[PDB]
Structures are given as structure tokens and as C-alpha cells.
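Visitor: Take a look at the following structure, please.
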Amino acid sequence: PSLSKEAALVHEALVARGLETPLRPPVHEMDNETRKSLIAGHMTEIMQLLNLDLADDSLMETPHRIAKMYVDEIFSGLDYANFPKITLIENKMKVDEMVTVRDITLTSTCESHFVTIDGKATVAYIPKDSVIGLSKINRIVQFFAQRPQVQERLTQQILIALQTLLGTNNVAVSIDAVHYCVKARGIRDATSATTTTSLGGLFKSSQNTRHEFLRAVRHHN
Amino acid sequence: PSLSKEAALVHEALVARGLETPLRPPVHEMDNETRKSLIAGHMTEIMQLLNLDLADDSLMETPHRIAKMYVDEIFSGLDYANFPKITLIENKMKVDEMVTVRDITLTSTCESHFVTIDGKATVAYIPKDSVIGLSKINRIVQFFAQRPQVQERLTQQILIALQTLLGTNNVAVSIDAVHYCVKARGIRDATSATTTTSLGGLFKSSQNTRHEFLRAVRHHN
Amino acid sequence: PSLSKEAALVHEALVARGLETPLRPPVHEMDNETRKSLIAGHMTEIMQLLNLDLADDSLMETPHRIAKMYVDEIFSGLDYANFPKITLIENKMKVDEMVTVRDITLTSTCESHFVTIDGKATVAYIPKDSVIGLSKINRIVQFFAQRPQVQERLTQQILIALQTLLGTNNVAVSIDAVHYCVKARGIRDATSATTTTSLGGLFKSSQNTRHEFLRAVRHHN
Amino acid sequence: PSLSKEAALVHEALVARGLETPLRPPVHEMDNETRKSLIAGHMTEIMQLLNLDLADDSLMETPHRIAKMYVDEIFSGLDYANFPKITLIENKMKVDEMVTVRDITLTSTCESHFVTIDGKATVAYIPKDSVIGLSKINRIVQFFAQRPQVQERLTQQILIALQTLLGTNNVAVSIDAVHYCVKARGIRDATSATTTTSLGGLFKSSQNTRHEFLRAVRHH
Amino acid sequence: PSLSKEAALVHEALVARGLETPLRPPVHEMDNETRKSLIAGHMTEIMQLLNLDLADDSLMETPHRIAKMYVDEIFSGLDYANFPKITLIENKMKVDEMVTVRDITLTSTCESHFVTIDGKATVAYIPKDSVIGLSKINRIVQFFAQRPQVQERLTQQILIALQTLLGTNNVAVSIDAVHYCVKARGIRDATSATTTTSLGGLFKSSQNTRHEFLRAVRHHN
Ligand SMILES: Nc1nc2c(ncn2[C@@H]2O[C@H](COP(=O)(O)OP(=O)(O)OP(=O)(O)O)[C@@H](O)[C@H]2O)c(=O)[nH]1
Ligand SMILES: Nc1nc2c(ncn2[C@@H]2O[C@H](COP(=O)(O)OP(=O)(O)OP(=O)(O)O)[C@@H](O)[C@H]2O)c(=O)[nH]1
Ligand SMILES: Nc1nc2c(ncn2[C@@H]2O[C@H](COP(=O)(O)OP(=O)(O)OP(=O)(O)O)[C@@H](O)[C@H]2O)c(=O)[nH]1
Ligand SMILES: Nc1nc2c(ncn2[C@@H]2O[C@H](COP(=O)(O)OP(=O)(O)OP(=O)(O)O)[C@@H](O)[C@H]2O)c(=O)[nH]1
Ligand SMILES: Nc1nc2c(ncn2[C@@H]2O[C@H](COP(=O)(O)OP(=O)(O)OP(=O)(O)O)[C@@H](O)[C@H]2O)c(=O)[nH]1
């Protein structure tokens, strides 16, 4: 069993741009179940170096959990077998204005500290010959979010991907997020948020389409 | 009795653009009640295939209710007999400025999943010779909304129809909505909302008027 | 005694532009007492026609009240004897910028149904040689609001009237309202509202002045 | 001319533009206290003319209070002797951008009725050679605010005054107030609000500048 | 160990433009522990001049506290030894859009009164060749914040600092702050708040970019 068509096209598009999250050739396909078990073991070791009575009934299953989380959960975006099934319909309606999906739930991790990134994404595109099923947008945002990320790069990966799938450069992405690596640690700023945006096609070149999008960005409820 | 003048003008205009909901020739006028029974029955089979005790006094009816729902309420926009009675008045006031009606209660269904689309439409037009009855706008929005829809298309319909009835291309239609095929299902995003817009004449050609509309779009209470 | 210089020019200027309220020739001065009793006679008839019990000590005075409301209150704008005494001062301050009165309380009645129109109005003007008393801007708005109305014509009247008294076509009026003929019955839309605007002088010609005004709006219930 | 270099420069600058509150030459300097006793006396007459029991313990000291309020309080801005002390600091950091001060408490009185005008001001300027202390703006507003007023003029006085003190035209004033002569009286509009503004220099000419201020005006 | 490379460039950069906080070249040069004790000496004296009972088991440790606060806390920005360890990753993602960090906690003190300055800061920049770590921006802001400040000057320092550190003139800084030397005393304005902005590169020359920034400024939660 091997990958999908849309998946391939995207992946290549990001590679051709140096936007792919830093990875090393898989070499051999290590039995996934065996991958966790090894990691879980490593976690055990760290927790011990922290003097954590594993004999207890609560922390006992954590080493396992953390492994299952990294392997089959918050980093799934790393594997393209998880790329969402994409579907498009003929732009019969001749939609020549932008379609915007705002306040998309975006959950991620800052690759620097492996800590929570809680945010919101706002995506918009102007249909060329295809209108994409709304959910696919969300699904595409959450795919790239589930990986060790750098907001700036995440935003970018979302753009090129939508552009590749929709068949248009007229796509704009915008992520607004709270970094817990900045919040629950270090400088510990509890109020600040980070906003990153990637503007394609007209959203970049057209001064009209640009400010139409940015103006409708950053909403609450 | 056949139909209505406006209804026909509109149906035609939409067909001449390919904006009519993908319909098949009704062929023979099957008795309306005959359909609800058939559908009601089909629903019975469905529920039974879901192993549900139709014997129970509650589920017992449902097939009929779901039947009556499809045919008579949420899809009544499919039959132009339910087209709203259109009424105009000479623009003796010589209103050359735009008239806007916001936060219009739009209830709809996604043709992809036959699920609730909960939205709010904003409509604007610049009076040429006539001024439409305000509630009529609300009523047209709801007409096309009451069909298995696609927001991108729904917006287009509300524009064309309104342009036709008013006699001006200067009509703008914006729709903020929550999709439950995105929220209460699949990806299960609880916070996102889709926004589509369709601009006519000036609302498109004149950068001035265009934004005067877009700046006034999206409001709460 | 007859009327007032201002109420004259205003009414005159309104008929000239064909914006005045659709009134019939004068017929003959009917004693104000007479008209009220007369309307009550009809209200009594209408109530009996509804099967109410005017005997009831409560309803018993409604015919009399409704009459008083129509002639002495909610429609008193049809009578220019009610036109507010406009007072001004020389513009020795050389105020070449726009003055703005936002959120003016506007209570009106829709003529199509003789039902409550509840709104907020924003008025702005660039003082030429005279600076009008603030509350006057309020009264003038409420004068024309106490008439069976059409939001579109109402806005236009306010504009024309202020231009006449202020001596500048540089006035702007905007009205955001909820129509209970839309909300309380018929389509029964409980979330929508209508916004109408009339831009005069620079507020229309000067692209820059227009947005300064239009931008400063949206507040109410 | 009155009693201060800054105060004098301003008062002269406003008189030179017909913006000074309509005042009649003082002539002789009757004792301040002497006026309160006279005012109080007149009010006493009014309260009597209004069939009010001054004999009662409360309304008894009200004439004096009202008299006091007029002379030493709500109309304090009339006497430039009360002008705030202005202090600026050399613009060594060269701030070629606008500095904005918003939601500046403003309490005045309509000269039409002598009733509460409750507002909020927003001032912005572009430092030329000097930068002013922040509280000074707040103070300059409230100075011209403590006079029987007309919002449209109040805004004009604020603007000029500042321009002078800062030695620049690039100043901007925007007042957003509620007039109780319109709320607890007359048409009695409990919701309305008046927003006057006075743009100068670049806030008047330069389209870009002009709107940078207006977009950031009106804030809760 | 002298300072830090970036700490030095920045310092030098700030002295070149006369944006350094007015400081002297020590004359008598002494120990840090000695400095706190002398200040605490004076605080004790002031507190006695205020007839405060230093005997009270409470007020006793106050001079010593105020001493440690001025030397190791609220003014720690005066010593470049405290500068934040900056780190940048090569902008391989080629991010050519403005990354924005909003509502950054800013705790400062007014040099005119030694009273608290409570505000929020918004920083944005266009990544040229390198992408800085987010928290760092927060840090750079707070570094210049802990000094007897002038909001105007503080804004400029964050700007230059960031420009020099990121090696780009495309940086915009805006600070919204409440000065208790305005609020808690003197004129006592309980509602006012000063806003300052500093625009570099495209944020100044490019009107297009200049408004993208100024629009996404001043946010709540
Ligand atoms: N463009 C558009 N797409 C819509 C609309 N309503 C539902 N959709 C999308 O149509 C798609 C259903 O496509 P399928 O190929 O059957 O996939 P699916 O498993 O049903 O989709 P999800 O589970 O929702 O991702 C989804 O992407 C829905 O979100 C609508 O108004 N406009
Ligand atoms: N541009 C960017 N920076 C990020 C992102 N996630 C974390 N960072 C920054 O990367 C930096 C971590 O750099 P290091 O050199 O390891 O220093 P550190 O001790 O972690 O620094 P602090 O977090 O400030 O305590 C910090 O400045 C984080 O705020 C991200 O998505 N984008
Ligand atoms: N332009 C302006 N008008 C003001 C200002 N303050 C009070 N006014 C107006 O002065 C008028 C009072 O005029 P009068 O002739 O005494 O009549 P009135 O009985 O007070 O009328 P109403 O105020 O409408 O009740 C009103 O229109 C007030 O709103 C102000 O600062 N500017
Ligand atoms: N343009 C405008 N229309 C108004 C205004 N007030 C009421 N109307 C509209 O005038 C119409 C009354 O027209 P009719 O042909 O009698 O229809 P109706 O059955 O009474 O109205 P609905 O039940 O709402 O469809 C409605 O569409 C009202 O909403 C108003 O100020 N401006
Ligand atoms: N421009 C600026 N002024 C500031 C800042 N912080 C405090 N100030 C002002 O500096 C001034 C102190 O000037 P002084 O001449 O000593 O007056 P003062 O009696 O101490 O101050 P007030 O009692 O408030 O009038 C005040 O206007 C403060 O509000 C700041 O960051 N920028």
C-alpha cells in the first residue's frame, strides 16, 4: 500500500520550495508498533532521570501515552499517508470572488520546545475552475499543523498546498496563534499572540484583493 | 393557474446562467402526498436498517416527519410555486445610494450531506427605477436557502434573482455561515465559518462602492 | 399666525424635490378634536369586528387612545405645525470640518403596515456660515420619523431638510433600523436590520469625505 | 495678555482668530469672594422664586456651593491664571511619527443651558523640535473644557492652543461627548452623542496622515 | 566575558542615533552590593522624613526591597549584561510577509516620576535573510522596558534594536500604555492612554504596508 495522487503533487511542490519539514530518508520501514515501544522506553528513562516513581498507577502508563501521542497523533502530519482525501467540483457557478473560511481550529507544536501552539487560521481563495469542499480546507490546515512546526513555515506550507490543489495562485492564508513556549515558559508573556500570513497571486499583487482579505482577518465568534 | 411572472423571469435567468439547482425534468406531476408516503416508507426502511424500534411511540412517526420535512419545508425552494410574491414601488425618492439589509436569518442544507447550514446573509442594491419591499429581500434569501445547497452557488442565485427583479446589476450578496458537515461531523471544527460574496455591477466595477459594502458586511446584533 | 419661516422653506423644498409625504389636497380644516373622535369611531368598529369586548374596563379606552396616538403623537410629523424651532449661531469658529451626531433615537412607523419601526440615526454636516443647535438635528430627525414611513424616503427627507436649514448640501444622514413588519410578522426575521444612507454635497462628491463619514457607523440595540 | 509666557502666547493666539470665549473686559478687579457673595445672593433669589425651603438644613448651603462651583470650579478655565504649567523636552530622539493620547476625560458645560457635557477627547500631534509631557495634553483639554461651552469651539480652542505650545500645525483634536441639554432635557435623547474634530497641518492636508488619526479615533 | 556581540551592536547602534538612555561614566566605581545598601540608606532616610515608623516589622525590610528593585529589577535594562540571548534561523522558507507579534506585556517606569507604566506593545517585521525566535521579540521589548523611560524614546529603541538585530529596516513598533503619573496622580485621568508608533523601511515609505500594520494594531485578548 502506497500514497495518493494529490498527496504526491503537494509534497513535491513543498520540496521544490524547501518548505518541507526537515526529515531524513526513512531507509527501512521500521515496524511502527516497534517505533513507539522504543520511544516509550526513552520516555521512561527521562522520567527516571527526573526521579518520578513510575510504580505509581498514574505515571505508569504515561511513558506509553507520550509515545502514542508523538507517533499516531500530534505529528501525523509528518506522514503523507494521512493526507486528507481531497474533492473538488467544477466551478460551474463561475464563482469569481473569494471564498473565505475563518477561525479554523488550528492545534500545533513549536518544534523548538515540543510545546503547544493554540491558534486560529483564516484561509481564502478565488475559485478558478474548481470549488473545493469546505471541510478539505480545514483538514488541510490541521494536517500541516500536526508536525513539529514554525508558524512562519506552517503558514507557507498551507498556502502552496492549497494553491497546488485548487489549481490557482490566488490563495491567502493567515494564522493567528499563542505559543506556549512563549507563554507557559521562558519570558512567560501571558497576553501576546503571533500572526503570520502568506498571500498568493492577486492576494499579493492586487492591492484591492490584498486589503479585502486582510481586512476580514482576525475574528472572534 | 401555472406559476408567477417574477418567478418565471428568475427561473429563466438562472437557467440561462447554469445557476439552477441541478434538477431533472419532473416528467409527470406525481401527486404530492404520494411522494411523502414513498419517502416516508424509504425512511422507515433506513431506520430499520439502523436497528431502531419503530414500535416505540417516538420514532414511530419520524419517517412521516422527515418526509414532510424534505418535501414541504426545508426544500420548498425547489418548487417555484413557493416563490415569494414580489412587490415594488416607483423610486420617486430618487434614491441613488445603496440600501442594505444585514443579518438576514438564513437557514439551509448542504446538498453534500443533507445537513443544517446555519447562516446570516447581507444584501445590498442601488435602486434604479423601483424599490423592493424590504421583507421581500429576506424572503428571497430564504427561498433559495430552502434547498439542498452549496453556499458558493446559493450566493450567486440570490444575486442574479435580485438583479432581475430590481432591474439593476448593482446588487451585492454576502453570506456568513456555519456548516454542520464541518462542525458536527468529520473534521469536527467547532469554530470555523465560511463566507462567500457575489458582487454586481458597481459593487464590482467601482472600487469605491465595492468596499463601502464590504466594510459594512459582517455584524453582530 | 400661520407657520414658521423654516418649516415653510423645508416643506417647500421637499415638495419641489418630490420627497414630501404622500398627502392628499387639503379638503377642509377639520377641528383636531373632531378627527380624533372620528378615528376612535373607526377603531371602535375595528375592535368590535375583532370580537373584542370594549365593555372590559381595559380595552374601553383603546379607541380613544389609538386616536390620540395617531393624531397627536406617532404621526404628528405630517403636521408642520409641529416643526421644531430651529436656532443657529454664526460660524465665527470657522469650523471647516464635519460635525457628527451618531446614535440619534429614531422611532417611526412603516406605512405598508402601520407597525413599529425602531432605529438609530447618524447625521453629519460641514458648517457653512451657520452652526445648528445640536438637539435640533435630533428633533428634525424625530419630526420626519413620526409619520407613516419608508426608510428610504425618510432618510432622503432628513437630508434635504438639513441642507435647507443649514444652507449647505454638505450633509449626510444614515439610518439603521429594525422593521417590526419584517420581524413581528410575515417572514418574521428576528435578526435582520436595514441601513439606508443619503449623502449630500462633499459627502458624495469628495471620495475622501464620504469614507470619513461612512466609516464612523454601527452602534445601537 | 494675562499671567504667563505660555498662557499669554495662547490667549493672544486665540483672540487672533475669534476663538476666545465671548468675554467683556473685566474693567476693575472686584474681590473674588465679593462675587461669590453676590452670585450666591442671586441664586438664593432664584431658589426662593422657586418656592424652595432654604430654611431647611440642606438647600441652605446650596446657594454658596453653586456660587463656589461657578467661580472656583466648573468655569476655572476662563481665568488663564489657571492655565496649566507647560513643560516640554527637546526631541532628541527625533520622533517623526504621531503620538496619540486617547480617552482623555473631558467635562464641560454647554453655554446654552449650563448643564453637564460629558465627553472623551483624543489628541495626536507630530513632534517638531519639542515633545510635551503627556499629562500636559490631558491638562490642556480640561482647561478649555472648564468654561461654558460649545463643543465645536472647544475643539477649536484645544487645537490652536496646542499647536502654539508645541510650535507646529500638525495637531489633531477629536471630541466625542454627550450633552445633557439633549439627554435629561428637551428632546431628551438618551442615546445620541456628538463627535466634533479639528484637524491641522498634515492631519488636514496629507490624506494618509489625516486618516491614520481618524481610524484610531473613538475607543472604549 | 564583557557583553554579547548583539548586545554590543545594539548598544552602539543606539548611541550612534542618540537613543541611549541618558547615563554617566561612573566617576567613583563600586560594588553592586554596596550600591543597594547606599540606596537603601537613602530610602530609609526618605521614609523617616515621611515620619514612617521603620520600627514596624513591616516597613523595616522596605528600603532594602526598594533597593533591590531599582538595581536588579525595574531597571535591569540599563545594564547590557541582561540583554537577551538572541537566536535566528536562516529564512530558508523565504518569508517575504510581515510576521506580527501583538499584545506583548510591557512593564516600564516613567523617568519623570519613577511610577509604573502599564502597556501593551505590538511588533512586526518582514524577514529579510533571517527569522528571529518569537519570544526574543517579547524579550527585546521588556529589556528596554525596564529603565526609567519616555514612551516616545522607548518605542524608538525597540525599533532600532530590532532593525539592527534582524538586519533589516522593515520593522514597526507600536506601544499603547497607561502612565500612572497621569492616572494615579496630578491631573488623575483614570481613562486616558498614550499610543506611540515607530515605522522603519516599508512601514514608513510603503503606504500599502504602512496601513496593513496600523490596522492590525491595538487588540484585546
Ligand atoms: N465548496 C462547498 N463544499 C461543501 C459545501 N458543503 C459541504 N461541502 C463539502 O463537500 C465535501 C464532501 O466530499 P466527500 O468527498 O464525500 O468527502 P467526505 O468524507 O464526505 O468529507 P469530510 O468528511 O467532510 O471531509 C466536504 O469537503 C464538505 O465539507 C458547500 O456549501 N460548499
Ligand atoms: N519565528 C518562530 N520562532 C519560534 C517559533 N517557536 C518557538 N520560536 C522561538 O525560538 C526560540 C528558542 O531559541 P533558543 O535559542 O533555544 O533559546 P531559548 O532558551 O529557548 O529562549 P526563550 O524561549 O526566550 O527562553 C525562542 O525565541 C522562541 O520563542 C516559531 O514557530 N517561529
Ligand atoms: N451647535 C451646538 N448646538 C448646541 C450646543 N449646545 C446646545 N446646543 C443647541 O442649542 C439649542 C437650544 O436652543 P433654544 O432656542 O433655547 O431651544 P430649546 O427649547 O432649548 O430647544 P431644545 O434644545 O431642542 O430643547 C438646541 O438645539 C441644543 O441642542 C453646542 O455645543 N453646539
Ligand atoms: N423599501 C421598504 N419596504 C418597506 C418598508 N416598510 C415595509 N416595507 C415592505 O413593503 C412590503 C408590503 O408589500 P405587500 O405587497 O403588501 O406584501 P405583504 O404580504 O404585506 O408583506 P410580506 O408579508 O412581508 O411579504 C413588504 O415587503 C414590507 O417589508 C420600508 O420602509 N422600505
Ligand atoms: N512625552 C512624555 N511625557 C511623559 C512621559 N512620562 C511622564 N511624562 C510627563 O512629564 C511631565 C512631568 O513634567 P513636570 O514639568 O515636572 O510637571 P509635573 O508637575 O511633575 O507633572 P503634572 O503634575 O502631571 O503636570 C508630565 O507632563 C508627565 O505626564 C513619557 O513617556 N513621555
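Visitor: If we count every other residue with Cβ under 12 angstrom of residue A:209's Cβ, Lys/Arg +1 and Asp/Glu -1, where does the sum land?
Guide: +1
Visitor: If one computes the Cα centroid of segment A:202-221 and of segment D:48-118, what distance in Å separates the two points?
Guide: Cα centroid to Cα centroid, the span is 46 Å.
Visitor: On to the next question. Largest first, please: the extent of the C-alpha atoms of chain D along each principal axis, to the nearest Å.
Guide: Projected onto its principal axes, the Cα set of chain D covers 63, 43, 28 Å.
Visitor: Determine the calculated [θ] at 222 nm for the protein assembly as shown from helices alone, applying -39500 (n - 2.57) to every DSSP H run no shorter than 4 residues and normalising by the residue count; nearest 500 deg cm²/dmol. If you can, show how the numbers build up before the last one.
Guide: On the way: 39 runs with 409 residues, N = 1104.
Taken over the protein assembly as shown, the calculation gives -11000 deg cm²/dmol.
Visitor: So what's the net charge close to residue C:84: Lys and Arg +1, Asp and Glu -1, counting the other residues with Cβ under 9 Å from its Cβ?
Guide: Local charge sum for residue C:84: +2.
Visitor: Please compute the alpha carbon radius of gyration of segment B:41-139, then divide it by the globular-protein estimate 2.2 N^0.38 Å. Two decimals is fine.
Guide: 1.62
Visitor: Now a separate question. Most exposed first by the Cβ proxy, i.e. fewest other Cβ within 10 Å, how do E:80, C:125, D:70 rank?
Guide: Placing the least packed residue first, the sequence is E:80, D:70, C:125.
Visitor: To continue, here is another question. Can you list the equivalent-ellipsoid semi-axes of segment A:58-104, largest first and in whole Å, using the square root of 5 times each Cα gyration tensor eigenvalue?
Guide: On the way: eigenvalues 323, 38, 9 Å².
Semi-axes, largest first: 40, 14, 7 Å.
Visitor: Ok, one more. Give the angle, between 0 and 90 degrees and rounded to the nearest 10, that separates the Cα long axis of helix A:32-48 from the longest principal axis of the Cα atoms of chain A.
Guide: 60 degrees
Visitor: Taking the Cα atoms of segment D:1-85, report the difference between the largest and smallest coordinate on each principal axis, in whole Å and largest first.
Guide: Principal extents (largest minus smallest coordinate, Cα): 48, 24, 21 Å.
Visitor: Let me ask something additional. Work out the charge dipole of segment C:41-139 with +1 on the Cβ of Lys and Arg and -1 on the Cβ of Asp and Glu about the Cα centre, then indicate which of C:106, C:63, C:127 is farthest towards its positive end.
Guide: Of the options given, the answer is C:127.
Visitor: Give me the number: length gained by fully extending residue A:191 to residue A:27, i.e. 0.36 nm times residue separation minus the C-alpha to C-alpha distance, one decimal in nm.
Guide: Values: separation 164, 0.36 × 164 = 59.04 nm, distance 4.38 nm.
Fully extending the segment from residue A:191 to residue A:27 adds 54.7 nm.
Visitor: Under 13 Å from the Cβ of residue B:221, count the other residues' Cβ atoms, weight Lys and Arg +1, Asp and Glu -1, and hand me the total. All intermediate terms of the calculation are to be shown ahead of the outcome.
Guide: Working: positive: B:102, B:120, B:218, C:120, C:218; negative: B:103, C:176.
After counting each charged neighbour, the total is +3.
Visitor: Filter C:120/C:204; B:128/C:128; D:5/D:128; B:128/C:120 down to the pairs with a C-alpha to C-alpha distance above 23 Å, please.
Guide: Beyond 23 Å between Cα atoms: B:128/C:128; B:128/C:120.
Visitor: Still on this structure, I have one more. Rounding to the nearest 10 and keeping the result within 0 to 90°, find how far the Cα-based axis of helix D:134-145 lies from the longest principal axis of chain D.
Guide: 40 degrees
Visitor: Ranked by Cβ crowding within 10 angstrom, fewest neighbours first, how are A:210, D:188 ordered?
Guide: Working: A:210 17, D:188 13.
With the sparsest Cβ surroundings first, the list reads D:188, A:210.
Visitor: What angle, in degrees between 0 and 90 and rounded to the nearest 10, separates the Cα long axis of helix C:151-166 from the longest principal axis of the Cα atoms of chain C?
Guide: 50 degrees
Visitor: Shifting gears a bit: Excluding residues on the same chain fewer than 8 positions from residue B:36, give the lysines whose Cα lies under 24 Å from its Cα.
Guide: Hits, sequence-local ones excluded: B:68.
None of the figures in this text is laboratory data; all of them are computed from the coordinates on show. A quick note on method: Cβ atoms are made from the backbone with ideal geometry, for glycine too, and the neighbour counts reach across all protein chains shown.
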